[PDB]
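Take a look at this single chain, the form deposited in one PDB entry, given in structure tokens.
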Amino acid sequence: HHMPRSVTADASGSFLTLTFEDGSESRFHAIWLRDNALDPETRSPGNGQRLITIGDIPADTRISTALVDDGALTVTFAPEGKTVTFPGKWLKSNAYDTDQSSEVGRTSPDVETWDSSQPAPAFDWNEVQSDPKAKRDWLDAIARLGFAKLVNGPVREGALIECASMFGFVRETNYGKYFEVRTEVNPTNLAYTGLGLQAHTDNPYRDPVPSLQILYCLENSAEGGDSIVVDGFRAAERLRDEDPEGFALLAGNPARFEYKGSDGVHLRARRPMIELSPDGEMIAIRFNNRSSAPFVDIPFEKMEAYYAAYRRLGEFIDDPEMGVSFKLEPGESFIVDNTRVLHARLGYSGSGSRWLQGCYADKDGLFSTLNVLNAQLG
């Protein structure tokens, strides 16, 4: 099935049809094959960079001659007269003559959505540093599920920056490379500190949104206040399955977010609460009650139904059965994919203090590190 058997070219030379040993067929256009040639004059052997532009490829490029031999495809292009070969495995892996799904709001096959039945993934600080398999599994959990907990870390200021550096790079803001989250819980504030905060993604007013968030515990002597995570993709899925028109409104119209502090910070963004790829795949969630700004982009005739959908998404986010809760002891931390997984805490149940440190990092670095680890372990 990854082993090519034979090939036929069209009389035009505009495409060819590759038949594999299992009977399956896959068609490839001449232009696509020429642009994706893997030979040293198309792709630099040293760095993999393509050496030619689309403009460099003759617009009348066609397949002149083609043949399957010993697991590979030989193709010669006219009018260049250029012969290249493609390994069979590569052609199958990079095929586009497939039945690509067009389901609106579908999740990527790489991710798995969850509710309160999902245990919090937990990994050991020392093991992820010394065991590449543990590191791979830690980062893979953040990739697939959008969060993971790291335990047995050092009780040291700035330790979260060391965590970030294990896979990527910190998104520095006006607040610094990291920020302090100090809480004092006492009878004078327990009326409000004793209630939970609505789950949210951080900084939807930043474009580009910081794509990972790390929260790291240094001190905890206050009862309750468990951290909680909610899968924005699951909330969005539930809306879509119940109410596809409401989902389409939240995906089809941008919201506005703003943070205009008294500390000389003024951040604004214009993005939808549910962000889809142009072919319908769900790629990001932005939900934060505190920084939502006037919605000026939604037409008058859609505003009521938009608000109804918005309210419904909030109910799914507020649903106790959607939240995964956990304790953070000193030296423990968690990361969330801040383009997907919302976070908050439950109410505090007793007096004391807490000291967390917070920072942002970016997913591209995490995915790169994961890719490198998979290649090293594969």
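In this text, residue numbers run from 1 along the sequence as written. C-alpha atoms forming the largest set that superposes within 1.5 Å between two forms make up the rigid core.
Engineer: Please compare 85 to 93 with 165 to 173 and name the stretch with the higher mean C-alpha B-factor in the deposited structure.
Structural biologist: Averaged over C-alpha atoms, the B-factors run higher in 85 to 93.
Engineer: State which stretch shows the higher mean Cα B factor in the entry: 12 to 20 or 362 to 370.
Structural biologist: Looking at the record's C-alpha B-factors, the answer is 12 to 20.
Engineer: In terms of CA temperature factor as recorded, identify the highest of 55, 347, 40, 48.
Structural biologist: The record points to 347.
Engineer: With respect to the C-alpha temperature factors reported in the PDB entry, which of 76, 211, 100, 288 ranks highest?
Structural biologist: In this record, 100 carries the highest C-alpha B-factor of the candidates.
Engineer: Using the B-factor values recorded in the entry, state whether the Cα atom of residue 312 falls in the lowest, middle or highest third among the modelled residues of its chain.
Structural biologist: As the PDB entry reports it, the C-alpha B-factor of residue 312 lands in the middle third of its chain.
Engineer: By the record's CA B-factor, is residue 191 among the lowest, middle or highest third of residues in the chain?
Structural biologist: According to the entry, residue 191 has a C-alpha B-factor in the chain's highest third.
Engineer: Going by the entry, which third of its chain does the Cα temperature factor of residue 107 land in?
Structural biologist: Residue 107: CA B-factor falls in the highest third of its chain.
Engineer: Lowest, middle or highest third: where is residue 304 by C-alpha B factor in its chain?
Structural biologist: CA B-factor rank for residue 304: middle third.
Engineer: By its CA B factor, does residue 240 count among the lowest, middle or highest third of the modelled residues in the chain?
Structural biologist: Residue 240: CA B-factor falls in the highest third of its chain.
Note that the form solved in complex with a small molecule isn't included here; everything after this is about it.
Engineer: Scan 200, 149, 135, 238 and let me know which has any heavy atom within 4.5 Å of the small molecule in the entry with it bound.
Structural biologist: Exactly one listed residue reaches within 4.5 Å, namely 200.
Engineer: Run the contact test on 92, 167 and 375 with a 4.5 Å heavy atom cut-off to the small molecule in the entry with it bound and return yes or no.
Structural biologist: No, none of the three is in contact.
Engineer: Heavy atoms within 4.5 Å of the small molecule in the entry with it bound: which of the stretches 186 to 194, 268 to 276, 67 to 75, 242 to 250 has them?
Structural biologist: Checking each option against the 4.5 Å cut-off leaves 186 to 194.
Engineer: Is residue 295 close to the small molecule in the entry with it bound, meaning a heavy atom pair under 4.5 Å apart or at it?
Structural biologist: It does not: once the small molecule is placed as it appears in the entry with it bound, residue 295 has no heavy atom within 4.5 Å of it.
Engineer: Do residue 288 and the small molecule share at least one heavy atom pair within 4.5 Å in the entry with it bound?
Structural biologist: Residue 288: yes, in contact with the small molecule in the entry with it bound.
Engineer: With the partner left out here, check for me: in the entry with it bound, does some heavy atom of residue 175 sit within 4.5 Å of the small molecule?
Structural biologist: Taking the distances in the entry with it bound, the answer for residue 175 is yes, it comes within 4.5 Å of the small molecule.
Engineer: Taking the shortest heavy atom distance, is residue 114 within 4.5 Å of the small molecule in the entry with it bound?
Structural biologist: Answer no; every heavy atom of residue 114 is more than 4.5 Å from the small molecule in the entry with it bound.
Engineer: Core aligned, which of 173, 253, 186, 85 has the Cα that shifts 2 angstroms or more between the shown form and the other one?
Structural biologist: The displaced C-alpha is that of 186.
Engineer: How about residue 28 - superposed on the rigid core, does its CA move between the shown form and the other one by 2 Å or more?
Structural biologist: The answer is no, as the C-alpha of residue 28 shifts between the shown form and the other one by less than 2 Å after core alignment.
Engineer: After superposition on the rigid core, does the Cα atom of residue 351 shift by at least 2 Å between the shown form and the other one?
Structural biologist: Yes; residue 351 is a residue whose C-alpha shifts (by 2 Å or more) between the shown form and the other one when the cores are overlaid.
Engineer: Taking the rigid core as reference, does residue 195 move its C-alpha 2 Å or further between the shown form and the other one?
Structural biologist: Comparing forms between the shown form and the other one, the residue 195 CA shifts at least 2 Å.
Engineer: Can you tell whether residue 185 sits closer to or farther from residue 332 in the entry with it bound than it does here, judged by CA atoms, where the change is 3 Å or more?
Structural biologist: Farther apart, by at least 3 Å.
Engineer: Tell me whether residue 291 and residue 193 end up closer or farther apart in the entry with it bound, going by their C-alpha atoms; the shift is 3 Å or more.
Structural biologist: It is closer: the C-alpha separation of residue 291 and residue 193 falls by at least 3 Å in the entry with it bound.
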